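*Asks:* Quick one: the structure is below, and I'll ask about it shortly.
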Amino acid sequence: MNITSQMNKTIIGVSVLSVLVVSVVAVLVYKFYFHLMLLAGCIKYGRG
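Per PDB author numbering, residue 1 is the first one in the sequence shown, and the count goes up by one each step.
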């Protein structure tokens, strides 16, 4: 761990760390996506 050179080890750690971040990233992106709408239409309009 804590490496990023031309070593098989780094290939595993990096590949794994990436898969995690990527997943979590899109996860909240779509998951929270709904929350946004709920927060947006949480209060009626007020053009005045």
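Beta carbons: idealized from backbone N, C-alpha and C, even for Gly.
#1: Give me the Cα-Cα distance between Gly-46 and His-35, rounded to the nearest whole angstrom.
#2: Report the rounded CA-to-CA distance for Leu-39 versus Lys-9, giving the unit in angstroms.
#3: Would you tell me roughly how many angstroms separate the C-alpha atoms of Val-25 and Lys-44, rounded to the nearest one?
#4: Could you give the DSSP three-state label for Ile-3: helix, strand or coil?
#5: Does DSSP put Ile-43 in a helix, in a strand, or in coil?
*Replies:* Reading from the atomic positions:
#1: Each residue's CA atom was taken as its position, placing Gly-46 and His-35 some 21 Å apart.
#2: Using only the alpha carbons, I get a separation of about 44 Å.
#3: When rounded, the distance between both Cα atoms is 31 Å.
#4: DSSP places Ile-3 in coil when its eight states are reduced to three.
#5: Here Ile-43 sits in coil by DSSP.
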